[PDB]
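Cβ: placed from backbone, ideal geometry, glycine included. Neighbour counts: every protein chain shown. Basis: the model, the stated rules and, where named, an outside source; none is laboratory data.
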Protein chains: 2
Amino acid sequence: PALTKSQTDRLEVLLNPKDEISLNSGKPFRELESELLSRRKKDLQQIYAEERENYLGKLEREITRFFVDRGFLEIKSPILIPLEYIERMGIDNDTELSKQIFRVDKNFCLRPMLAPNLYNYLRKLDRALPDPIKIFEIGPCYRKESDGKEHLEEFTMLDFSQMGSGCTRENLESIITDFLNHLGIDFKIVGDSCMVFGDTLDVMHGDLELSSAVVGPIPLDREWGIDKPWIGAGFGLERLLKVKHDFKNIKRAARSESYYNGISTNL
Amino acid sequence: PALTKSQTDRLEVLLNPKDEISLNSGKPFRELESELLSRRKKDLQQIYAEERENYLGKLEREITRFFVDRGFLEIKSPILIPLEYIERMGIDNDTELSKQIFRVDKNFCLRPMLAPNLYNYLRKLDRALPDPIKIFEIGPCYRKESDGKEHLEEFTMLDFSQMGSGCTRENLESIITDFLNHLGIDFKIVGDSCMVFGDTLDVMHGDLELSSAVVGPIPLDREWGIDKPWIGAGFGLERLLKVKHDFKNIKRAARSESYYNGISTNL
Ligand SMILES: Nc1ncnc2c1ncn2[C@@H]1O[C@H](COP(=O)(O)OP(=O)(O)NP(=O)(O)O)[C@@H](O)[C@H]1O
Ligand SMILES: Nc1ncnc2c1ncn2[C@@H]1O[C@H](COP(=O)(O)OP(=O)(O)NP(=O)(O)O)[C@@H](O)[C@H]1O
Ligand SMILES: N[C@@H](Cc1ccccc1Cl)C(=O)O
Ligand SMILES: N[C@@H](Cc1ccccc1Cl)C(=O)O
């Protein structure tokens, strides 16, 4: 007959992009599932025998090397941050980002973004390091958005910043260009046409936003004690993974108990 | 005169054990503070100019290389986990670690250990991978215990497990020995003298517990679908860093806005 929805869902979970098998012919739901199962089992086994690195962790280690080798300091800051940091980010309790905050206790939350801890480091480091100040962080970030397709509730941000001299948009577009060229991902920076400083740039791969990027100074810097030019960009690693491996669903790239390196773990 | 308490706190924040400056003599507080501010500013400059890797990230990457080399698959599983996983770990709403949990919504919590997600990986991978199953994860864990001196509220665990053949106490002690020999840390393993399976092991550095390790099976295995022998050990990376760098206070090893690579950021 014709594959029911559960049979369709079940095969979509077992399918990978490299799979060539004819997913429409005379075979029952159930040759097809068994075939994919055998393919996905051999995929885990090959992983276990020859590689054994997690994709999310591996990409994290590769991005780290890129920025360290470019003069950027590697920051590991708290994931649990004061709720007051969200307030000085300008996310008041009527904005749309305001409703996506995982609160913990009364006073704390899971950081939805890396910027506020990075604002603080930039302020403290400016007392001890020579111009310009270049820092970056990679790590977990949380938001109650999960439209499922392009959006996770638990994801991994990269965020880098330069502060002081050299902080132009053509320098910022030159860092993003080397980064994505090193990753092997094509892009496409949209924004205002003749924007010098102050406004955001988007890094696109198709209809997929890989990053929002900022050419400071911006009025928010005063709330953080930052008084200096700066440029910076935030990238979601799961979207990057989605691009390199052609994942259909971004959940294939996330921290998970259901997928490992894009392979279903329910075999 | 003799130092006040705000003054003594200031010098302890700026001190490092490599320092030989005599914290007791005829010098004024400001003279000692300025020497230390000098030493610490140059420590970060040297870090920014030539090193640039964070101690916590860098230690995480080297532990991964070690365990991948030995045949352990690298896992990246969720940090926000269901509250029900906690109770299935033997913490009822009456136990001691139950009060220390960071609840997020009404269902989920910040994981205080890696065991539940690793249980699920062990059960799922048995299906697909040959005997024995060897896995490990490194990442954030959250406990409301933080007496400060040796506990952190936000910390980083390594947790490794083998399941199937080779799950003997002898081979659990051999892994741990190779690992701490690799990281250059003296240790001693305390346990039941005649314990074969079922009980825990404490790996100690003097008074500081580095790890609790387990020679399964244990009764808890029923709740996670595990019916094979296994061995496992959980380790704290900030504790490892505290011993390796002789940190007086474990705060200096953590995710923090206050200390970079053991060095205060308030200079
Ligand atoms: N929920 C999410 N899941 C995955 N990646 C995300 C998520 N939110 C943000 N990112 C990534 O983080 C980058 C910088 O964050 P940000 O600019 O705050 O996102 P954004 O502007 O809200 N765009 P979008 O996440 O599509 O709505 C984005 O360009 C994405 O690559
Ligand atoms: N709050 C914490 N801060 C830092 N490290 C921790 C913390 N809790 C646990 N660890 C580390 O994680 C390892 C495995 O966790 P676990 O065995 O559950 O801790 P434990 O048995 O309660 N030992 P302890 O919490 O010191 O009494 C321990 O050996 C510690 O090295
Ligand atoms: N909002 C920033 C993050 C950030 C915060 C403070 C200072 C610099 C940066 Cl890149 C971004 O879009 O990358
Ligand atoms: N309870 C373990 C962690 C764990 C749980 C389930 C399966 C394997 C392991 Cl190592 C420990 O504390 O070592």
#### Entry: Answer residue from segment A:171-203, given it is in contact with a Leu (Cβ under 7 Å, 6 or more places away or on another chain) and under 23 Å from A:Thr64 (Cα atoms) and is nearest to ligand 3 (Cβ to nearest atom) among those
A:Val203
### Query
Which residues, counting only those in segment B:41-75, are of a type in the set (D, E, K, R) and part of a loop (DSSP other than H, G, I, E, B)?
B:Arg52, B:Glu53, B:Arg70
### Task
Could you please tell me which pairs satisfy a Cβ distance under 9 Å, a separation of 6+ or placement on different chains, a first residue in segment B:229-241 that is in contact (Cβ under 8 Å) with a residue 40 or more places away in the chain and among the acidic types (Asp, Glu), and a second residue that is assigned to a strand (DSSP E or B) and more than 12 Å from ligand 4 (Cβ to nearest atom)?
B:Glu238/B:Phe155; B:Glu238/B:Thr156
### Message
For a quick check of your reading of the model, give me the residue pairs whose first member lies in segment B:134-152 and is in contact (Cβ under 8 Å) with a residue 24 or more places away in the chain, whose second is among the aromatic types (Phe, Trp, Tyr), with beta-carbon atoms closer than 6 Å and at least 6 apart or on different chains.
### Response
B:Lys134/B:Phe72; B:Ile135/B:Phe72; B:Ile135/B:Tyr121; B:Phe136/B:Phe67; B:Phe136/B:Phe72; B:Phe136/B:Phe160; B:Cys141/B:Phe155; B:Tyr142/B:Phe102
### Task
Take segment A:113-171 and flag every residue that is over 22 Å from B:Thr265 (Cβ atoms) and either within 13 Å of chain B (Cβ to nearest Cβ) or among the basic types (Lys, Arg) (or both).
A:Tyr142, A:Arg143, A:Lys144, A:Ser146, A:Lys149, A:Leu152, A:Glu153, A:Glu154, A:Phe155, A:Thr156, A:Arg169
### Query
Is segment B:238-249 home to any residue that is within 16 Å of ligand 4 (Cβ to nearest atom), farther than 19 Å from A:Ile79 by Cα and not basic (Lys, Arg)?
yes
### Query
Can you find even one residue in segment B:177-187 that is part of a strand (DSSP E or B) and surrounded by 15 or more Cβ atoms within 10 Å (Cβ to Cβ)?
no
### Task
Look at A:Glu170 and say whether it is out of contact with any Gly (no Cβ under 8 Å at 6 or more places or on another chain) and either touching a residue at least 40 places away in the same chain (Cβ under 8 Å) or within 16 Å of ligand 2 (Cβ to nearest atom) (or both).
no
### Summary
Per the filter on segment A:96-119, residues of a type outside the set (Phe, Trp, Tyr) and crowded, with 18+ Cβ neighbours inside 10 Å are A:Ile101, A:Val104, A:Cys109, A:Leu110, A:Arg111, A:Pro112, A:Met113, A:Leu114, A:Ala115, A:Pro116, A:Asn117, A:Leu118
### Query
For segment A:44-64, what are the residues that are more than 22 Å from B:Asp126 (Cα to Cα) and either β-branched (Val, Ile, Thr) or at the interface with chain B (Cβ under 7 Å from one of its Cβ atoms) (or both)?
A:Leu56, A:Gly57, A:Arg61, A:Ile63, A:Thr64
### Summary
Over segment B:222-237, the set of residues part of a helix (DSSP H, G or I), surrounded by fewer than 19 Cβ atoms within 10 Å (Cβ to Cβ) and within 14 Å of chain A (Cβ to nearest Cβ) is B:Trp224
### Query
Looking only at segment B:71-112, which residues are in contact with a strand residue (DSSP E or B) (Cβ under 8 Å, 6 or more places away or on another chain), aliphatic (A, V, I, L, M) and away from chain A (no Cβ under 12 Å)?
B:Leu83, B:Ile86
### Query
Does any residue of segment A:191-206 turn out to be in a loop (DSSP other than H, G, I, E, B), surrounded by fewer than 17 Cβ atoms within 10 Å (Cβ to Cβ), touching a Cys at 6+ places or on another chain (Cβ under 9 Å) and in the same structural domain as A:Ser146 (by TED's automatic domain parsing)?
yes
### Task
Restricting attention to segment A:132-169, report how many residues are over 16 Å from A:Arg70 (Cβ atoms) and either in a strand (DSSP E or B) or among the acidic types (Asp, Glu) (or both).
12
#### Entry: Qualifying positions in segment A:238-257 - assigned to a helix (DSSP H, G or I) and either in contact with an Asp or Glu (Cβ under 8 Å, 6 or more places away or on another chain) or under 24 Å from B:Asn120 (Cα atoms) (or both)
A:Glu238, A:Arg239, A:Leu241, A:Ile250, A:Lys251, A:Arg252, A:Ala253
### Task
Considering only residues that are in a strand (DSSP E or B) and either among the small types (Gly, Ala, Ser) or within 8 Å of ligand 3 (Cβ to nearest atom) (or both), look in segment A:207-221 and name the one that is farthest from the other protein chains (Cβ to nearest Cβ).
A:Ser212
### Task
Within segment A:240-262, identify whether any single residue is within 12 Å of ligand 3 (Cβ to nearest atom), away from every other protein chain (no Cβ under 14 Å), over 21 Å from A:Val13 (Cβ atoms) and under 16 Å from the mean Cα position of the chain (by Cα), and answer yes or no.
no
